[PDB]
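In what follows, a structure is listed as structure tokens, so that the remarks can point back to it.
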Amino acid sequence: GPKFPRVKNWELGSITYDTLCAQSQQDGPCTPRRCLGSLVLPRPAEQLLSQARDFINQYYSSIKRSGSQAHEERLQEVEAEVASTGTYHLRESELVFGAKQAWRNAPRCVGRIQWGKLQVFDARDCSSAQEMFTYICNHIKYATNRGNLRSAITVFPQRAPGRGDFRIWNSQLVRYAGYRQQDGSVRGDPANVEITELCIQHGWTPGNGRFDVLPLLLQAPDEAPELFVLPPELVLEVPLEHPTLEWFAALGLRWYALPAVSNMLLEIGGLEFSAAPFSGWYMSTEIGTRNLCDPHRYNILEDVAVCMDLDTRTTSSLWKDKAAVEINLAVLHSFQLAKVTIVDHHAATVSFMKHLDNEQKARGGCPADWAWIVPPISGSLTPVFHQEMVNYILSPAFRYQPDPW
Amino acid sequence: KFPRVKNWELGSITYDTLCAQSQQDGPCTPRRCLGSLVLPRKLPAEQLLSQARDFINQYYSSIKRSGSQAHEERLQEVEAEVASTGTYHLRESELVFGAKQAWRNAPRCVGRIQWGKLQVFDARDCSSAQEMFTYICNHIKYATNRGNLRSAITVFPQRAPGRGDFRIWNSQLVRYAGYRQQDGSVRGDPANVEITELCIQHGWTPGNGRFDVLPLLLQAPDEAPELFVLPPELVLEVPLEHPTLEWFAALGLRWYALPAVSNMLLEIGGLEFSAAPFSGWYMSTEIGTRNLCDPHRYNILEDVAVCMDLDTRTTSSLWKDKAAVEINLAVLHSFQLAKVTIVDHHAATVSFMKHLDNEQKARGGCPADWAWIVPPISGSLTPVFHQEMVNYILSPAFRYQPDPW
Ligand code: HEM
Ligand code: HEM
Ligand SMILES: C[C@]12CCCCC1=Nc1c(nc(N)[nH]c1=O)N2
Ligand SMILES: C[C@]12CCCCC1=Nc1c(nc(N)[nH]c1=O)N2
Ligand SMILES: NC(=[NH2+])NCCC[C@H](N)C(=O)O
Ligand SMILES: NC(=[NH2+])NCCC[C@H](N)C(=O)O
Ligand SMILES: [Zn+2]
């Protein structure tokens with residue numbers, strides 16, 4: 001009966017209707033003619049006001065003062081401010097709310113059961129590249145918490161009419177270098193070739209390992225970016241060993257503890273926070289399957305399978321499968337041993353289902369990007385595989401933005 | 001705008017121009033993507049005529065005789081026939097062309113490299129359940145070919161305005177019974193509980209095995225369906241054993257050789273063939289991962305993991321992942337040892353890539369459903385994972401249709 005998408009779980013045989021998608025003010029990439037849901041990235045005045053108004057309405061509802069006098073005054077305040085300056089400012093608790101809602105809204109994040117629990121560092125007073133560095137170091141220190149990781153975001157000043165953006169050039173606060181060789185190949189992480197070369201151009205003296213931590217390239221309004229080396233003792237890393245395969249430690253593979261995305265734009269009520277790095281903790285397949293096994297990343301599957309003495313000349317030995325399992329286990333075992341928070345893809349997906357149930361009750365649905373929610377190994381062994389998902393853009397949101405260069 | 005499609009492993013970009021030929025709306029709108037949904041929610045002469053004209057045009061263009069006299073007289077024939085009877089009929093060779101094209105256009109099919117190699121049985125001269133059975137038996141006999149599987153479709157008489165459909169009630173020609181036990185459990189295949197029960201009520205003596213091959217319920221128009229036992233010698237099955245684990249074979253697991261979907265509708269030129277069973281050969285994850293390992297299927301993970309002696313008490317030991325690998329490996333080994341055609345998911349997805357390339361040059365695109373093309377284990381270990389895909393409906397097509405009861 002209901003005129004909303006009907007959503008089915010094929011394992012349990014249960015049914016819901018997503019009513020939340022009705023709240024989407026923004027068109028994604030699909031049309032009746034063709035589905036483009038699999039593409040990683042598909043291609044202000046009165047406009048601001050209506051986005052602002054909507055966000056303020058969201059805030060007052062979440063504190064149950066919808067329609068109140070403090071609500072209508074806040075609205076009046078926001079429009080008067082836009083009326084005379086073309087922009088407006090968020091109250092502190094508004095920014096805290098907006099940041100959590102942005103995470104709550106991110107269709108590609110499987111970790112969202114944790115959305116209510118986010119330390120929000122307000123850095124809207126930041127006025128230098130040097131100061132961004134201190135802020136970032138403070139973030140890393142707090143979030144890492146010696147292995148006992150804590151979700152956090154640091155919000156730098158918003159985009160302003162006429163005035164240059166705050167930007168962190170690095171895609172993450174912590175990344176390994178990728179050095180382009182003479183024999184065409186790459187030492188380190190091929191994903192980071194461009195930012196590696198940019199750091200060099202701005203005077204970084206490069207190393208030559210597979211796991212050199214990149215310096216930060218930080219950009220304050222209308223200034224060239226400045227280079228900052230993270231102090232090694234701030235950057236917690238985990239050496240990878242295997243619970244039973246004694247030779248695996250000899251591979252000298254390692255990963256860092258803190259996944260901290262730093263190139264995304266946080267948009268709240270039409271305001272654009274171009275520098276707003278956030279971090280949680282890893283789900284083990286990000287490291288053990290994507291970062292270590294993607295053919296265009298570290299690509300270690302063949303090396304590991306040879307050590308395991310598997311038949312690499314034939315697909316039907318499932319050598320890639322056997323080696324991926326062991327690499328994934330090594331990631332889990334090594335983080336556990338080191339007392340550094342990590343979550344396996346089974347536990348993570350169980351918890352996303354619970355999140356889906358919470359949100360059905362709370363908002364009538366949950367935007368979710370199936371191809372990103374389902375893990376890159378053991379897909380149908382996890383319950384999310386059997387869950388249909390509706391995908392749509394709600395605001396506040398984290399969005400991709402062009403590289404500053 | 002023509003969708004830009006990127007491969008992320010290789011950095012290559014294509015533009016899909018084929019999707020412009022789509023005429024039938026899928027489930028997505030710009031407000032929300034529904035691409036992960038398994039079923040569509042929504043399950044005159046001038047319109048049949050336009051689909052017919054288009055299909056005749058496709059046919060004559062295929063044989064290079066586009067614009068010719070034979071082409072002209074054929075469109076005239078089709079017009080003459082619809083105008084005076086509300087419908088028309090296809091020539092054998094046109095039907096042959098349509099069925100291959102339906103396969104080619106099937107977005108959820110990873111085996112489309114094979115699309116041009118399809119044996120087509122014309123069963124349009126069929127007037128009874130009895131004759132359906134003969135036809136179905138010849139198909140099985142042919143497609144099976146002592147283990148050397150050969151792609152085949154048998155096409156029964158089209159739907160007609162006046163009367164009921166020809167239908168095969170079973171979802172595949174060979175399927176195992178599911179017996180609902182008093183205490184809520186299922187003996188045998190849980191996906192087949194309902195069809196198992198329809199056969200019993202239509203008069204079949206059931207067994208009590210986990211792998212009892214079902215009879216067929218065949219329905220000639222406006223008649224009660226009829227029961228037919230397949231002669232056991234026509235149903236090739238593969239006992240499941242493991243290359244190294246001796247106990248595995250003691251599990252008594254087995255599977256049939258011929259995946260022969262019998263519940264989908266074949267639409268060519270606006271004509272609908274409600275009974276048109278098709279078969280190829282299995283991709284091993286269909287058996288090893290979905291049928292045996294799905295929680296709502298035979299759900300054998302725990303059983304195996306205990307045999308392999310794994311720590312079943314915790315998700316992070318990856319017992320599930322370890323067991324799945326051995327089960328898939330056992331399926332490949334057993335099929336190879338019985339000389340029965342099987343393709344592993346690495347070889348299959350590699351051939352799909354090749355197909356995508358052939359289709360890009362030939363047609364300017366390929367409709368593909370990412371969530372179905374990527375295998376249920378080792379997704380990112382296969383090339384298709386990293387390949388963006390556009391999904392849309394082209395005609396001739398295979399469609400879903402209501403269960404006839
Ligand atoms: C608490 C532990 C967390 C876990 C296990 C988690 C898990 C994930 C995973 C597995 C992805 C997909 C990553 C990829 O394939 O590249 C993801 C993406 C995302 N996550 Fe979460 N997350 C967590 C915390 C957070 C926090 C605190 C935020 C924001 C405040 C967040 C927002 C996002 C966003 C915006 C994306 C999309 C990034 C992109 O599209 O490239 N996550 N997260
Ligand atoms: C040649 C050997 C073949 C292999 C290895 C192959 C592989 C596959 C696989 C893995 C799926 C996903 C099915 C699922 O998850 O249930 C699939 C679906 C499909 N295949 Fe192919 N296929 C082959 C031949 C064919 C032929 C001959 C046709 C038609 C003439 C065909 C048409 C389809 C259709 C219509 C679907 C969608 C089924 C559904 O929605 O449940 N396949 N095939
Ligand atoms: C596989 C696909 C879809 C499209 C191709 C590349 C992808 N990229 C990613 C993805 N999922 C996750 N979590 N991460 C990706 O980078 N999904
Ligand atoms: C996982 C998903 C997406 C939606 C939920 C159930 C599915 N069904 C299947 C699927 N892909 C394949 N190949 N087969 C399925 O049965 N995709
Ligand atoms: N768990 C997270 N918060 N992940 C954010 C994405 C991190 C990225 N996938 C990486 O492997 O570094
Ligand atoms: N290879 C094929 N033609 N598959 C069609 C679907 C068969 C279905 N996956 C099964 O496990 O029985
Ligand atoms: Zn879509």
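Letters for chains follow the order of the structure tokens (A, B, ...), residue numbers begin at 1 for each chain, and ligand numbers begin at 1 in the order shown.
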
Residues of chain A within 8 Å of chain B, only C-alpha atoms counted, as JSON, numbers by chain: {"A": [5, 6, 7, 8, 11, 12, 21, 24, 25, 26, 27, 28, 29, 30, 31, 32, 33, 34, 35, 36, 37, 38, 39, 40, 289, 290, 293, 294, 295, 296, 315, 316, 317, 318, 320, 321, 322, 325, 329, 332, 344, 346, 347, 370, 371, 376, 377, 378, 379, 380, 381, 388, 389, 390, 391, 392, 393]}

Exercise answer, 9 Å around ligand 2 with only C-alpha atoms and all ligand atoms, as a PyMOL selection string: chain B and resi 38-39+99-115+117-120+149-153+259-261+264-266+277-286+290+341-345+348+372-376+397-400

For residue 235 of chain A: contacts at 9 Å, only C-alpha atoms, fewer than 6 positions along chain excluded, given as a ChimeraX atom specification: /A:140-141,144,174,213,256-258

Alpha helix (DSSP H) positions in segment 143-241 of chain A, given as a list in words: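 Filtering segment 143-241 of chain A down to alpha helix (DSSP H) leaves residues 143, 144, 193, 194, 195, 196, 197, 198, 199, 200 and 201 of chain A.
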
Residues near residue 83 of chain A, cut-off 12 Å, only C-alpha atoms, skip fewer than 3 positions along chain, as a VMD selection string: chain A and resid 44 to 46 48 to 49 76 to 80 86 to 88

Surrounding residues of residue 188 of chain A excluding itself and chain neighbours under 6 positions, 8 Å, only C-alpha atoms, as a PDB file with C-alpha atoms, in the first residue's frame:
ATOM      1  CA  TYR A 176      52.247   6.337   3.797  1.00  0.00           C
ATOM      2  CA  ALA A 177      54.366   7.792   0.998  1.00  0.00           C
ATOM      3  CA  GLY A 178      54.370   6.418  -2.529  1.00  0.00           C
ATOM      4  CA  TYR A 179      57.599   6.913  -4.475  1.00  0.00           C
ATOM      5  CA  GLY A 209      60.660   2.882   2.668  1.00  0.00           C
ATOM      6  CA  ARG A 210      57.307   1.245   1.981  1.00  0.00           C
ATOM      7  CA  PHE A 211      55.829   2.895   5.097  1.00  0.00           C
ATOM      8  CA  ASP A 212      57.113   6.444   5.482  1.00  0.00           C
ATOM      9  CA  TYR A 298      50.208  -2.637  -1.868  1.00  0.00           C
TER      10      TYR A 298
END

Segment 105-319 of chain B: residues DSSP assigns to strand (DSSP E), reported as a ChimeraX atom specification: /B:119-122,152-155,167-168,178-180,186-188,216-219,226-228,237-239,254-256,260-261,265-268,271-273,278-279,282-283

Using only N, CA and C atoms, please write the residues we just selected to a file, as a short mmCIF file (atom, residue, chain, number, x, y, z; two decimals), in the first residue's frame.
data_model
loop_
_atom_site.label_atom_id
_atom_site.label_comp_id
_atom_site.auth_asym_id
_atom_site.auth_seq_id
_atom_site.Cartn_x
_atom_site.Cartn_y
_atom_site.Cartn_z
N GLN B 119 21.99 -22.91 -27.60
CA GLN B 119 21.06 -23.79 -28.33
C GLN B 119 19.59 -23.45 -28.01
N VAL B 120 18.82 -23.14 -29.03
CA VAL B 120 17.45 -22.71 -28.83
C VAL B 120 16.48 -23.77 -29.31
N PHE B 121 15.72 -24.36 -28.38
CA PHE B 121 14.66 -25.29 -28.78
C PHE B 121 13.35 -24.52 -28.93
N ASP B 122 12.77 -24.61 -30.12
CA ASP B 122 11.46 -24.05 -30.38
C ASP B 122 10.42 -25.02 -29.86
N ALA B 152 21.52 -23.80 -23.10
CA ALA B 152 20.27 -24.05 -23.83
C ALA B 152 19.07 -23.30 -23.26
N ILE B 153 18.15 -22.91 -24.14
CA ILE B 153 16.83 -22.46 -23.73
C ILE B 153 15.77 -23.25 -24.54
N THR B 154 14.63 -23.53 -23.91
CA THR B 154 13.48 -24.09 -24.60
C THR B 154 12.36 -23.06 -24.43
N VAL B 155 11.73 -22.67 -25.54
CA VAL B 155 10.75 -21.60 -25.54
C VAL B 155 9.37 -22.17 -25.83
N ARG B 167 3.03 -22.43 -18.01
CA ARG B 167 3.93 -22.11 -16.90
C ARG B 167 4.62 -23.34 -16.36
N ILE B 168 5.87 -23.16 -15.99
CA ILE B 168 6.54 -24.17 -15.18
C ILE B 168 6.52 -23.61 -13.78
N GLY B 178 12.25 -28.96 0.25
CA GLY B 178 12.39 -28.48 1.63
C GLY B 178 11.18 -28.94 2.45
N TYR B 179 11.40 -29.79 3.46
CA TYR B 179 10.28 -30.33 4.30
C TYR B 179 10.16 -29.58 5.61
N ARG B 180 9.07 -28.83 5.78
CA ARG B 180 8.87 -28.11 7.03
C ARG B 180 8.57 -29.11 8.14
N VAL B 186 13.72 -26.76 8.89
CA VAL B 186 13.53 -27.26 7.54
C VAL B 186 14.54 -28.39 7.23
N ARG B 187 14.04 -29.57 6.87
CA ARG B 187 14.89 -30.62 6.28
C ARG B 187 15.00 -30.36 4.76
N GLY B 188 16.23 -30.29 4.25
CA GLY B 188 16.43 -30.06 2.83
C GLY B 188 16.57 -28.57 2.53
N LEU B 216 8.28 -32.00 -11.36
CA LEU B 216 7.83 -30.76 -11.98
C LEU B 216 6.32 -30.64 -11.96
N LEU B 217 5.86 -29.40 -11.78
CA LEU B 217 4.47 -29.04 -11.90
C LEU B 217 4.39 -28.22 -13.16
N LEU B 218 3.75 -28.79 -14.17
CA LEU B 218 3.60 -28.14 -15.45
C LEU B 218 2.16 -27.79 -15.69
N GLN B 219 1.96 -26.57 -16.20
CA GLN B 219 0.64 -26.04 -16.41
C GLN B 219 0.48 -25.55 -17.85
N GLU B 226 0.15 -30.22 -13.57
CA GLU B 226 0.33 -31.66 -13.48
C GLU B 226 1.73 -32.05 -13.03
N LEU B 227 1.78 -33.17 -12.32
CA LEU B 227 2.98 -33.67 -11.69
C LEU B 227 3.72 -34.66 -12.60
N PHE B 228 5.03 -34.49 -12.71
CA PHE B 228 5.89 -35.38 -13.48
C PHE B 228 7.23 -35.57 -12.76
N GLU B 237 24.22 -35.41 -10.79
CA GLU B 237 24.54 -34.83 -9.52
C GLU B 237 25.98 -35.10 -9.16
N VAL B 238 26.58 -34.21 -8.39
CA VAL B 238 27.98 -34.33 -8.02
C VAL B 238 28.09 -34.48 -6.50
N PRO B 239 28.51 -35.67 -6.02
CA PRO B 239 28.83 -35.83 -4.60
C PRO B 239 29.93 -34.86 -4.24
N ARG B 254 25.98 -32.88 -1.57
CA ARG B 254 25.93 -33.05 -3.01
C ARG B 254 25.21 -31.86 -3.69
N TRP B 255 25.37 -31.75 -5.00
CA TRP B 255 24.62 -30.75 -5.75
C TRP B 255 24.41 -31.22 -7.17
N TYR B 256 23.37 -30.68 -7.83
CA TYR B 256 23.04 -31.05 -9.21
C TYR B 256 23.87 -30.22 -10.16
N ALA B 260 19.07 -24.48 -14.19
CA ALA B 260 18.10 -24.31 -15.25
C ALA B 260 16.90 -23.53 -14.75
N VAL B 261 17.00 -22.20 -14.83
CA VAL B 261 15.97 -21.29 -14.34
C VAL B 261 14.69 -21.45 -15.17
N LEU B 265 10.30 -14.71 -17.28
CA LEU B 265 9.57 -14.51 -18.52
C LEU B 265 10.50 -13.98 -19.57
N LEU B 266 10.35 -14.49 -20.80
CA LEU B 266 11.20 -14.03 -21.89
C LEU B 266 10.37 -13.09 -22.80
N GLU B 267 10.77 -11.83 -22.91
CA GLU B 267 10.06 -10.86 -23.77
C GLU B 267 10.88 -10.54 -25.01
N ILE B 268 10.32 -10.79 -26.19
CA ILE B 268 10.97 -10.46 -27.46
C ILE B 268 9.96 -9.67 -28.29
N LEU B 271 6.28 -9.57 -27.47
CA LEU B 271 5.68 -10.85 -27.23
C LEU B 271 6.29 -11.41 -25.95
N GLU B 272 5.48 -12.14 -25.18
CA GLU B 272 5.96 -12.61 -23.88
C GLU B 272 5.88 -14.11 -23.81
N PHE B 273 6.98 -14.74 -23.41
CA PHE B 273 7.04 -16.18 -23.33
C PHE B 273 7.16 -16.50 -21.86
N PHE B 278 15.92 -21.82 -19.12
CA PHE B 278 17.27 -21.72 -19.67
C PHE B 278 18.34 -22.28 -18.74
N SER B 279 19.41 -22.76 -19.35
CA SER B 279 20.49 -23.30 -18.56
C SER B 279 21.85 -23.06 -19.19
N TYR B 282 27.12 -23.79 -13.77
CA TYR B 282 27.29 -23.08 -12.54
C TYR B 282 28.60 -22.29 -12.48
N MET B 283 28.54 -21.18 -11.76
CA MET B 283 29.72 -20.58 -11.19
C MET B 283 29.78 -21.10 -9.75
#

Atom pair atom CA of residue 383 of chain A / atom CA of residue 326 of chain A: separation (Å):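 Spanning atom CA of residue 383 of chain A to atom CA of residue 326 of chain A is a straight-line distance of 21.8 Å.
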
From A:387, A:285, A:181, A:328, residue lying nearest ligand 3 [only C-alpha atoms and all ligand atoms]: A:285

At most 7 Å from ligand 1 (only C-alpha atoms and all ligand atoms): residue list as a PDB file with N, CA, C and O atoms, in the first residue's frame:
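For reference, part33.pdb as written:
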ATOM      1  N   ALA A  99      27.520  18.235  12.980  1.00  0.00           N
ATOM      2  CA  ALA A  99      28.569  17.264  12.778  1.00  0.00           C
ATOM      3  C   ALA A  99      28.103  15.824  12.996  1.00  0.00           C
ATOM      4  O   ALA A  99      28.420  14.936  12.176  1.00  0.00           O
ATOM      5  N   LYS A 100      27.386  15.572  14.101  1.00  0.00           N
ATOM      6  CA  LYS A 100      26.852  14.224  14.358  1.00  0.00           C
ATOM      7  C   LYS A 100      25.839  13.797  13.294  1.00  0.00           C
ATOM      8  O   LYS A 100      25.839  12.656  12.850  1.00  0.00           O
ATOM      9  N   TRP A 103      27.542  12.697  10.090  1.00  0.00           N
ATOM     10  CA  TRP A 103      28.005  11.318  10.210  1.00  0.00           C
ATOM     11  C   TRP A 103      26.841  10.396  10.164  1.00  0.00           C
ATOM     12  O   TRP A 103      26.842   9.444   9.399  1.00  0.00           O
ATOM     13  N   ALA A 106      25.837   9.852   6.467  1.00  0.00           N
ATOM     14  CA  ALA A 106      26.839   9.333   5.479  1.00  0.00           C
ATOM     15  C   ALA A 106      26.500   7.914   5.019  1.00  0.00           C
ATOM     16  O   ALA A 106      26.693   6.962   5.790  1.00  0.00           O
ATOM     17  N   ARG A 108      27.832   5.786   3.167  1.00  0.00           N
ATOM     18  CA  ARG A 108      28.904   4.846   2.872  1.00  0.00           C
ATOM     19  C   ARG A 108      29.577   4.334   4.128  1.00  0.00           C
ATOM     20  O   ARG A 108      30.428   3.419   4.052  1.00  0.00           O
ATOM     21  N   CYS A 109      29.189   4.895   5.278  1.00  0.00           N
ATOM     22  CA  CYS A 109      29.772   4.472   6.548  1.00  0.00           C
ATOM     23  C   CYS A 109      29.009   3.359   7.258  1.00  0.00           C
ATOM     24  O   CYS A 109      27.859   3.545   7.712  1.00  0.00           O
ATOM     25  N   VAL A 110      29.675   2.230   7.428  1.00  0.00           N
ATOM     26  CA  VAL A 110      29.099   1.101   8.166  1.00  0.00           C
ATOM     27  C   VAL A 110      29.221   1.259   9.665  1.00  0.00           C
ATOM     28  O   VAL A 110      28.734   0.420  10.396  1.00  0.00           O
ATOM     29  N   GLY A 111      29.916   2.301  10.143  1.00  0.00           N
ATOM     30  CA  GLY A 111      30.202   2.413  11.575  1.00  0.00           C
ATOM     31  C   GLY A 111      29.162   3.235  12.338  1.00  0.00           C
ATOM     32  O   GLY A 111      29.405   3.681  13.478  1.00  0.00           O
ATOM     33  N   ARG A 112      27.992   3.447  11.729  1.00  0.00           N
ATOM     34  CA  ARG A 112      27.135   4.532  12.187  1.00  0.00           C
ATOM     35  C   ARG A 112      26.370   4.246  13.485  1.00  0.00           C
ATOM     36  O   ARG A 112      25.759   5.160  14.042  1.00  0.00           O
ATOM     37  N   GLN A 114      27.664   4.199  16.032  1.00  0.00           N
ATOM     38  CA  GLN A 114      28.439   5.007  16.987  1.00  0.00           C
ATOM     39  C   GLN A 114      28.180   6.503  16.848  1.00  0.00           C
ATOM     40  O   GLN A 114      28.733   7.302  17.622  1.00  0.00           O
ATOM     41  N   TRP A 115      27.340   6.879  15.874  1.00  0.00           N
ATOM     42  CA  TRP A 115      27.099   8.291  15.533  1.00  0.00           C
ATOM     43  C   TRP A 115      26.799   9.235  16.692  1.00  0.00           C
ATOM     44  O   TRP A 115      27.163  10.419  16.637  1.00  0.00           O
ATOM     45  N   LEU A 118      30.642  11.312  19.500  1.00  0.00           N
ATOM     46  CA  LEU A 118      31.632  11.974  18.674  1.00  0.00           C
ATOM     47  C   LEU A 118      32.120  13.198  19.447  1.00  0.00           C
ATOM     48  O   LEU A 118      31.305  14.062  19.796  1.00  0.00           O
ATOM     49  N   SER A 151      36.215   8.436  18.688  1.00  0.00           N
ATOM     50  CA  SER A 151      35.741   9.195  17.557  1.00  0.00           C
ATOM     51  C   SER A 151      35.842  10.688  17.769  1.00  0.00           C
ATOM     52  O   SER A 151      35.412  11.198  18.787  1.00  0.00           O
ATOM     53  N   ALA A 152      36.337  11.405  16.766  1.00  0.00           N
ATOM     54  CA  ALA A 152      36.495  12.863  16.901  1.00  0.00           C
ATOM     55  C   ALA A 152      36.516  13.608  15.586  1.00  0.00           C
ATOM     56  O   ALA A 152      36.871  13.072  14.565  1.00  0.00           O
ATOM     57  N   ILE A 153      36.144  14.870  15.618  1.00  0.00           N
ATOM     58  CA  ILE A 153      36.222  15.683  14.441  1.00  0.00           C
ATOM     59  C   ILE A 153      36.728  17.042  14.892  1.00  0.00           C
ATOM     60  O   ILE A 153      36.469  17.460  16.023  1.00  0.00           O
ATOM     61  N   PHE A 278      37.928  14.099  10.307  1.00  0.00           N
ATOM     62  CA  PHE A 278      37.269  13.232  11.304  1.00  0.00           C
ATOM     63  C   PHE A 278      37.968  11.883  11.353  1.00  0.00           C
ATOM     64  O   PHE A 278      38.597  11.482  10.352  1.00  0.00           O
ATOM     65  N   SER A 279      37.827  11.175  12.477  1.00  0.00           N
ATOM     66  CA  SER A 279      38.436   9.845  12.663  1.00  0.00           C
ATOM     67  C   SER A 279      37.592   8.964  13.565  1.00  0.00           C
ATOM     68  O   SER A 279      36.920   9.449  14.496  1.00  0.00           O
ATOM     69  N   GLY A 280      37.658   7.663  13.315  1.00  0.00           N
ATOM     70  CA  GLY A 280      37.037   6.671  14.186  1.00  0.00           C
ATOM     71  C   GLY A 280      38.075   5.642  14.518  1.00  0.00           C
ATOM     72  O   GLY A 280      39.168   5.994  14.962  1.00  0.00           O
ATOM     73  N   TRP A 281      37.719   4.374  14.337  1.00  0.00           N
ATOM     74  CA  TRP A 281      38.680   3.269  14.322  1.00  0.00           C
ATOM     75  C   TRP A 281      38.415   2.434  13.088  1.00  0.00           C
ATOM     76  O   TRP A 281      37.350   2.550  12.453  1.00  0.00           O
ATOM     77  N   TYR A 282      39.401   1.622  12.709  1.00  0.00           N
ATOM     78  CA  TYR A 282      39.353   0.801  11.495  1.00  0.00           C
ATOM     79  C   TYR A 282      38.386  -0.378  11.606  1.00  0.00           C
ATOM     80  O   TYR A 282      38.213  -0.972  12.679  1.00  0.00           O
ATOM     81  N   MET A 283      37.747  -0.699  10.491  1.00  0.00           N
ATOM     82  CA  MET A 283      37.239  -2.036  10.306  1.00  0.00           C
ATOM     83  C   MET A 283      38.289  -2.795   9.507  1.00  0.00           C
ATOM     84  O   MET A 283      38.836  -2.279   8.516  1.00  0.00           O
ATOM     85  N   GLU A 286      39.431  -2.834   5.773  1.00  0.00           N
ATOM     86  CA  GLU A 286      39.940  -1.638   5.077  1.00  0.00           C
ATOM     87  C   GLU A 286      41.448  -1.810   4.894  1.00  0.00           C
ATOM     88  O   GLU A 286      42.029  -1.428   3.854  1.00  0.00           O
ATOM     89  N   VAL A 343      37.665  -3.217  14.475  1.00  0.00           N
ATOM     90  CA  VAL A 343      36.484  -4.059  14.405  1.00  0.00           C
ATOM     91  C   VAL A 343      36.475  -4.940  13.161  1.00  0.00           C
ATOM     92  O   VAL A 343      36.758  -4.469  12.037  1.00  0.00           O
ATOM     93  N   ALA A 348      31.209  -5.622  12.757  1.00  0.00           N
ATOM     94  CA  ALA A 348      30.789  -4.335  12.181  1.00  0.00           C
ATOM     95  C   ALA A 348      29.419  -4.414  11.484  1.00  0.00           C
ATOM     96  O   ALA A 348      28.532  -3.556  11.729  1.00  0.00           O
ATOM     97  N   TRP A 372      29.228  -0.094  -0.816  1.00  0.00           N
ATOM     98  CA  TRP A 372      30.187   0.318   0.207  1.00  0.00           C
ATOM     99  C   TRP A 372      29.923  -0.252   1.556  1.00  0.00           C
ATOM    100  O   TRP A 372      30.848  -0.344   2.353  1.00  0.00           O
ATOM    101  N   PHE A 398      28.717  14.922   4.748  1.00  0.00           N
ATOM    102  CA  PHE A 398      30.081  14.971   4.293  1.00  0.00           C
ATOM    103  C   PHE A 398      30.087  14.810   2.779  1.00  0.00           C
ATOM    104  O   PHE A 398      29.499  13.860   2.261  1.00  0.00           O
TER     105      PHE A 398
END

All residues 8 Å or closer to segment 134-138 of chain B, only C-alpha atoms, same chain fewer than 6 positions away omitted, as a ChimeraX atom specification: /B:123,154,230,234

Go ahead and dump the residues you just picked, C-alpha atoms, as a PDB file, in the first residue's frame.
ATOM      1  CA  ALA B 123       8.663 -25.576 -28.314  1.00  0.00           C
ATOM      2  CA  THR B 154      13.483 -24.086 -24.602  1.00  0.00           C
ATOM      3  CA  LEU B 230      12.162 -36.641 -13.619  1.00  0.00           C
ATOM      4  CA  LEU B 234      18.527 -37.474 -16.452  1.00  0.00           C
TER       5      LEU B 234
END

Exercise: residue 166 of chain B partners within 6 Å, only C-alpha atoms, chain neighbours under 3 positions left out, as a list in words: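 Neighbouring residues, sequence-local ones excluded: residues 219, 220, 221 and 275 of chain B.
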
Output file for the residues above (N, CA and C atoms, as a CSV table (one decimal), in the first residue's frame):
chain,number,residue,atom,x,y,z
B,219,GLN,N,2.0,-26.6,-16.2
B,219,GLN,CA,0.6,-26.0,-16.4
B,219,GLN,C,0.5,-25.5,-17.9
B,220,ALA,N,-0.5,-26.2,-18.5
B,220,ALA,CA,-1.0,-25.8,-19.8
B,220,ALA,C,-2.2,-24.9,-19.4
B,221,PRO,N,-2.5,-24.0,-20.4
B,221,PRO,CA,-3.5,-22.9,-20.1
B,221,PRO,C,-4.8,-23.2,-19.5
B,275,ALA,N,6.9,-19.3,-20.3
B,275,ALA,CA,7.6,-20.5,-20.0
B,275,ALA,C,8.8,-20.7,-21.0

Separation of atom CA of residue 215 of chain A from atom CA of residue 169 of chain A, in Å and rounded to one decimal: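 Atom-to-atom, atom CA of residue 215 of chain A and atom CA of residue 169 of chain A are spaced 10.3 Å apart.
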
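Nearest residue to ligand 3 among A:191, A:276, A:168, A:251 is A:191, counting only C-alpha atoms and all ligand atoms.
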
Atom-to-atom span, atom CA of residue 341 of chain A and atom CA of residue 102 of chain A, Å: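 Pair atom CA of residue 341 of chain A / atom CA of residue 102 of chain A returns 23.1 Å.
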